[PDB]
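Protein chains: 6
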Amino acid sequence: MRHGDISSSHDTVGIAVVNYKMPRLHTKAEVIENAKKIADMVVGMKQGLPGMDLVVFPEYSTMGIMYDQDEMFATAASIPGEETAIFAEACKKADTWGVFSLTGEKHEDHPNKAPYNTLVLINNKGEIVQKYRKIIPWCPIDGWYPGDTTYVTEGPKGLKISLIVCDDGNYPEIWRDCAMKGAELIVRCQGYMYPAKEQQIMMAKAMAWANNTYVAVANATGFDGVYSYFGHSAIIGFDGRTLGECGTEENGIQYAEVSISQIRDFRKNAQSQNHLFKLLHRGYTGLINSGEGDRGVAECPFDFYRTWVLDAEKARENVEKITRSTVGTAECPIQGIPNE
Amino acid sequence: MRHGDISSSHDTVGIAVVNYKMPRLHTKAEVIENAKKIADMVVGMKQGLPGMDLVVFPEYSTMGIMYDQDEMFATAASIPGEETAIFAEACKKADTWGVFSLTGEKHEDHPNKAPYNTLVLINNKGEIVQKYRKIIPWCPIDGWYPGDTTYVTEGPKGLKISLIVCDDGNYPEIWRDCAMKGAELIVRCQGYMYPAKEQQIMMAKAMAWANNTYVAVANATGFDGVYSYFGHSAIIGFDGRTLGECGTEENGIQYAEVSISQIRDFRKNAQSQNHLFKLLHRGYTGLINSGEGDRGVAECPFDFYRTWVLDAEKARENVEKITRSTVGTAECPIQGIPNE
Amino acid sequence: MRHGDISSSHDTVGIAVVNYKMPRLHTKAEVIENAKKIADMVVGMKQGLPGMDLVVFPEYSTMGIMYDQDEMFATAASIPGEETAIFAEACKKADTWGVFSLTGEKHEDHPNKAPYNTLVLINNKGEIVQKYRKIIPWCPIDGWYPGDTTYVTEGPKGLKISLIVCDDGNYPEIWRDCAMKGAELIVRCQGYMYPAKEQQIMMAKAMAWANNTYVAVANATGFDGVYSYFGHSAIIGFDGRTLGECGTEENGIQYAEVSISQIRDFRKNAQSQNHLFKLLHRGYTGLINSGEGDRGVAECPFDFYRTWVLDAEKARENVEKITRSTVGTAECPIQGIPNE
Amino acid sequence: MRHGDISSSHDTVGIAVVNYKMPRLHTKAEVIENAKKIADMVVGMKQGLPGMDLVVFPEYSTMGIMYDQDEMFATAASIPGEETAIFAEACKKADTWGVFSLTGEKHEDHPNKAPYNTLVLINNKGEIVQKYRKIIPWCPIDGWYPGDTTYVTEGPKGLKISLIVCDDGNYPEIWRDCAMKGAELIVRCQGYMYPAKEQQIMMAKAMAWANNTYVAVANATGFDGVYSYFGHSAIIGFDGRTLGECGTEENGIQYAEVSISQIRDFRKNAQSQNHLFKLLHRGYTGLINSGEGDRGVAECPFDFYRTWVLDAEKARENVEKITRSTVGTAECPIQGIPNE
Amino acid sequence: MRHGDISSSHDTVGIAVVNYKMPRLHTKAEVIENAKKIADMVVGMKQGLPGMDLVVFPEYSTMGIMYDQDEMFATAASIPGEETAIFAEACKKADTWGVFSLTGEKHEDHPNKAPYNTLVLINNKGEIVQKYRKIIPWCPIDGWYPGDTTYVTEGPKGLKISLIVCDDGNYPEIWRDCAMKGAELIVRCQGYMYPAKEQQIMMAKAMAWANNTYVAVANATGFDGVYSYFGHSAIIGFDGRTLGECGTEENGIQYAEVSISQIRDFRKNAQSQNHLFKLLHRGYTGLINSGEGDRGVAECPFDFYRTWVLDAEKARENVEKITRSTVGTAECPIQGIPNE
Amino acid sequence: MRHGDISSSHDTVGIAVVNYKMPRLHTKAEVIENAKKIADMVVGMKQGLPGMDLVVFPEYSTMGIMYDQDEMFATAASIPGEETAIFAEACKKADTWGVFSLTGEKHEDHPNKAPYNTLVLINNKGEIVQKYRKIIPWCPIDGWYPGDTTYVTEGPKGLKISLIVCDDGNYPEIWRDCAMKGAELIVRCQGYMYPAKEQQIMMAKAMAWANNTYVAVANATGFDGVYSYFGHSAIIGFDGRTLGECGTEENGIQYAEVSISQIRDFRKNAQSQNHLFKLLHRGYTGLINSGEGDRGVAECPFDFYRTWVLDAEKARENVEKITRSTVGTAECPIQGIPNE
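Chains as they are written, first to last, in the deposited numbering: chain A, 1 to 340; chain B, 1 to 340; chain C, 1 to 340; chain D, 1 to 340; chain E, 1 to 340; chain F, 1 to 340.
Following this line, the structure appears as structure tokens:
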């Protein structure tokens, strides 16, 4: 957990995050050409950052956002496929792990259902070791089919990694789920457009803190014809302090060293802010002092979560009363999104 | 949702938060005397802030922290009781609602079990309308008996309020639970000691954002013989932007106007960052476009929460593998807290 | 007055501001081609920002700065003209109002007097509804002929709008004049070059506060051969708090929702910081308490303004004694600017 | 214009500003005792700050705010009087000029009209050389009788000084009036209560910039039974950059050196941001290039100011249409302030 | 190197720094009474911070500044002495190491020469293990006799510590000297008065970075009759990032965990910003590639340092030509300080 | 020492710094073409900044970084040479001094030893008046041959200038050496890549403060195939306060006026923070008061510097014990850099 050098040690994973300029592409050939640009960038970055063990690219960095539906379907990727092969060669040549974005990934019922929005973690041998599909698409605009699963994978030097995508990160639940499955690093890849710049910078730091986890964010930059992407790729310590952060600049990079021993030492020995431990051992001191044994309380005291788990339809009904009943609003209509 | 004036309108609740200097008290008479000081402060503040509809004091502001166990038991309060009567008179005289802290509140089995750490919301008629007991004591140091329930209550001008206490707020789950029960304002009262100043300032803003809720924080200040409390009481908009924030100064105040119509208009008409709605309607655009109807997906996709709800003991076992098995650590022992 | 979403409601005007990269152009055909690029950008932005009701481009965004005098005269625009027609079509297609810059606008005595530097507000029907000519050119470098008039126009959803241009905004008087004519939003379009970045970010916020008005700033970016433009386009609430702000990045965008009901509720019900009201009712409490009736004092107590209005030549003489008598200084001469 | 040392030179005025803890007093004897505390503080500060030439105390620092009307009248001061004599002795002993606050100063019709709220500038010989009465009381709460006049006085080392008080500074007009009368330093003394902390920090910097003037702010601190005062006393350069700023701490001090030659050199030789000059020479380059002579335009182009000067009642009527017609609002009533 | 918890582990030293309110004392008995207050504070802090291994108090925290020369001599301490015995008992009772300030420490020729300004490091057994005398008194005001020696001592958990005092830290040379002697933590104790707040916050961070060392700063707070002390006690990582920082509040505390293994791993394995290594191996890559062996260049290339070491009088003469020849300046005279 | 205008006076040097986009070049012809682009930029900037007296470009701005060794040798420059002639013509045409970067400059034994990394200061007559070779290459990656000498040269308006390059500035010793040779402005030209953005922004400010010197930084921007350069070119006052700073944007510019009389007045008359004077007059007050004469102590009290000067090999041995013995580390190997 230290910032400023280009090296890394046996104890630290050298993580680079890339403020990749958002492409605006239309064809499969254009997508392959840009994949090769990303590969070239990986290899060059390693020459400058000899400690680099993990390189992270934004959501949409391979395809850009395929606004045209026909082009979306025509460029949707297979995984493994040609794009991932190009990335895997770069990971081998640069002796690094990497996180890359396939937007779309063909649905099992392609082309008759929307593609997924997917990340892969590729190891330094070129092997795909995690494939994560966006659980929370950025609706209404995002038309991707939602995924359903989070994963944790042993990463470089044994650092445990989970992947999440852009809007996912507004929801504390996903960060919690990953950490509670053992993640030590949560990687948030995004094409996060203005407006919500300051809110997203803050969310990543808050979630690092709340889940006692390292966080790496790679966010797109530039204007793509529709959106301007605000950058601020970052690496954040498990104590909530930023390691390094980019600005809004195109093809900014940040690089930091995250210590394997430090996060493990914290998770064993931290007390007042060992959030993962404490959530499942509530009130341990008071129960001990009250003659009630020495584990605190584990039971979930939050009705929302009990209802959501038992009766998701009821939870949905409840929130519709607080918000609205239809996915659209007639005060700001959007074609294809129903309203009242 | 606007900052800088002392007025309030039919549409806005005028909220004041107080950086109350932490008392260091020992006797019931001292506690009553300080309760009367708080009452006097309420009445004076109203003369300066004619728009004030809600005034919020920190956790521990009535008793301070009763480090001595005998004094803790001797000063534990009944609710309603003498202290709350003193506060209620101030609320009536100043025509304001108020949030006050009773630390301890006698356990049902007092003095044979630890007191609760409790907040009350008192209306402008002097009536106690919410009583909240800290669900997440700040263990290991906090010896209070844990509460088990969150509440939402109709507040001034109909603004819906939930109360939470200090360490509670490190856990996104509580903020979510309150918002999903309909809270429009979450009030976090705390005696939040150094070290974790910047992390706590950030958490409140992140939770305002994540839950699309107003947030008011009242934090203690000063040194009490054990801890220094960092202040930074604040009022935060549902868009994640601070309204006003105190520094670390003793008896700082902040005051802001929170619009009832704005939060309700947002919750009806916001789309991309309508987090409450979107969590229970995932992927609506993609499902519509895929021929699958128009509600998105409600089901909880996060195994942590399903396991915690079904099998809290298993969730506890799982987190112990990531952290430690005992509530204490032998590398930093604390009397009364068992370790390996 | 809220930030982070892409929607807007019946109560809010969705405002986008654009960090438009400064063109460096030479011919009429180049200017038309870039006008069409701006039009395309409007239409694309609306696809990403369904709540957008007003889009704002910087000063010089259509022509760039025509440093060559012959090219300045050759490219000076008519209003209405070809450029405004191109913009108007975009406003209709995207169902948005827009603010665009014509630099120059032909003088009535063109080509025998310097062009004006002009902004237009175009409604969602394509109609030009305000045309504002820069009252305060950025002399010495700016050679535009000064305008003489501020305007207020009913905007989207009835939000009252005034336009100002770049250096205008250093002078509090213009902001006051617009607000006192009823403006609810003051739009400052600029090609504000380094050096004065931080000062300009601060001025816009201070003027929002001082005049209890929403403020939208669109500032250019990039290097144009002479100047680097610092961006930091922004939308600011009437309470002085930024809604959203860009960095220095080329073609950054910010987007915020400004509530019509909130500014009107403030202006009716704010008291201590109702600056517009209070300036014309000074000392009302003291006069009431002194037996002098209930309106305070309206009379202007500031001799500068009385002298400037009565005897502008005298005010000019007075300031020349404090500064210098000639428009130029011999310590830093500029061709065409006389000095002593 | 430089910060960090305790010295001063023939070219620099050493200015100290004091975050004076707000007194809460009731009697004339208490006021005299606190005046002597201020005197003692001046003398001690000079021993630590050998360059100090000017020391500035907040509004209300001598009396505090006399909330009780009888005590207000009983403690209202004569100027010169006993309090000013005590201050003058300190100025002589410490060989410094000083700015002190008399709240109230007896009205000419005392006790039958409200006192003024007054500042004095006392030279290093003990002589009162400026007496300024608050033109803009902080209504509704402030009950002081409004003053009507700004002044400029030759200060230490010949630095020209104007005094203003607290709410005055929200109105750009007063800062302009002082600068246009020749002020080189505008001193803003205040008891500026929360809420509006960040807005007031920004206003002082913006006004330094807009008027090309040094600014010194002395603001109270602490809680006085009604208000908490936010400190952030400061000294700001004529380029808008803070020299030094206090936090919210009681009896904080800041100290900076302001160069006489630098402000005069700027006002002679600055061009693009010579705001005082440029306001009365608008469009000089364009007029020269248009064959219209070499002074630009002096005439006031802002109808608000012409109307306010000609017909203050009309300006008042106009603003009442934008805001409200009565000094009070029935949505937030205040005793003694009429509403509809 | 992590912030937010109250624990510490075998790998981390828990460091607390104290924003101790500056005393204003006159007698030996008063000094002893305040020493006992510091002792009590240590013991209480340990009850709240079970990980605390090192507690650091400001310069002057025991005596305050003895402005009266007779009182300075009368209260000058012996080391070891009564004050250090009181501190040592607290260190034993709280099982912590501590850094305390004796101002003055009797000169060997007491009372015929000025006292030293001294820090002690006391271990958890009560033993004084470092005694450091201020090498750079804060002249002109500081009248202490200068010390001449820096030290490094094995600290808690083996962390190597050096002590420095207040003005020392403006001079990069001292930080370098300590680090090059092996310090892993440099403790800067200070009574750093306004004005230079922001400069001192920055210097400590810059020196942590430049010397690849942890830094702990304890700074006084409050007003003592002469000076206001700005606080901002802090703990900073060897990567230049703050761990935790206080504000200006009286008796603020910060607490952070500094990892022994992390600093040692950095100093072994960092490359681009291994400043200690690189200063003595300049240009190693270029020399290797040029056929010149594999150590880079060690020789000092900076004439200032060669001259200062060889011929301090010449270095002094040289700087007098750049600055002034006498310790005083006639433009800002100070009694006892000669000028021209 | 003032920021915001485009003018300059007889007392101020107008300094512009350029965030020059990093080239990625391969041939001599490409280098010449880019040199001509820099020349054109100088001339254009002067048209916008009539006060400009000094323009500063980053390290590598002429060649970029020649990663390919053959291309490095093929493009290494002579000084004077063709590139410097192109720059000199721009300096004459724009009537400005300039700082430009030649990377490489042929070694005396070219092509058999690595080139130097060199800066030139060119006056407004086109004459090269300083040539500085990087003393501290950014090893391990930087393969340039180290220089050995710092210089001070009379600059525009007589401002004394020293040049340093990028990694040099991490070492306080170089800044001290330049200031002690009489520098009034230290110019740091750099191609400073991410990661260490915030650390480098802080170092320049800290060194301005520590050495009581103006500082100008020109840093590259953009991505060059290997590195992303973070910009934040800046001009900083001798009091440690930034004048103006760029962001990360390509071809950003900052411009500030630095007063010759102010730095000289400070260096004569500052007392508490006259660091240059005080380092060679330690403890003057205490020695005077102790009967020991009136100059303080000049002798160097820091063993590191005495050892480094006397016995650089010993100093090297000492630091190797603290860090490592070989220039490389086997935990992060780099081809060509030996390790254990």
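For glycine and all other residues, C-beta sits at the position ideal for the given N, C-alpha and C.
Alpha carbon to alpha carbon, what distance is there between residue j and residue i?
i, j, result
"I253(B)", "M66(F)", "59 Å"
"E154(F)", "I122(F)", "11 Å"
"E317(B)", "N251(E)", "41 Å"
"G240(E)", "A206(E)", "6 Å"
"residue 342(B)", "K125(B)", "Outside the shown range of chain B (1 to 340) lies residue 342(B), about which nothing can therefore be said."
"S261(B)", "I201(A)", "28 Å"
"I288(F)", "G296(F)", "8 Å"
"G291(A)", "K113(B)", "8 Å"
Go ahead and label residue i buried or exposed: buried means 16 or more other beta carbons lie within 10 angstroms of its beta carbon, across all protein chains shown.
i, result
"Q335(F)", "exposed"
"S325(B)", "exposed"
"residue 346(B)", "The question about residue 346(B) has no answer here: the residues shown for chain B are numbered 1 through 340."
"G293(D)", "exposed"
"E173(A)", "buried"
Going by DSSP, what residues sit across from residue i in a beta bridge?
i, result
"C189(A)", "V165(A), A218(A)"
"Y132(C)", "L119(C)"
"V17(A)", "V56(A), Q254(A)"
"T242(C)", "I236(C)"
"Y227(D)", "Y227(D) is not bridged to any residue."
Please identify the residue among the options whose C-alpha is closest to the C-alpha of residue i.
i, options, result
"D311(F)", "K157(E), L280(E), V31(E)", "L280(E)"
"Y145(A)", "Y132(A), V152(A), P156(A)", "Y132(A)"
"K321(D)", "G64(C), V56(C), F277(C)", "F277(C)"
"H232(C)", "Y194(C), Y214(C), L49(C), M63(C)", "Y194(C)"
"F57(B)", "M45(B), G51(B), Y116(B)", "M45(B)"
"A39(E)", "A196(E), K93(E), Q199(E)", "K93(E)"
"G14(E)", "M41(E), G147(E), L54(E), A29(E)", "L54(E)"
How far does the beta strand (DSSP E) with residue i in it reach, from first residue to last?
i, result
"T103(A)", "97-105"
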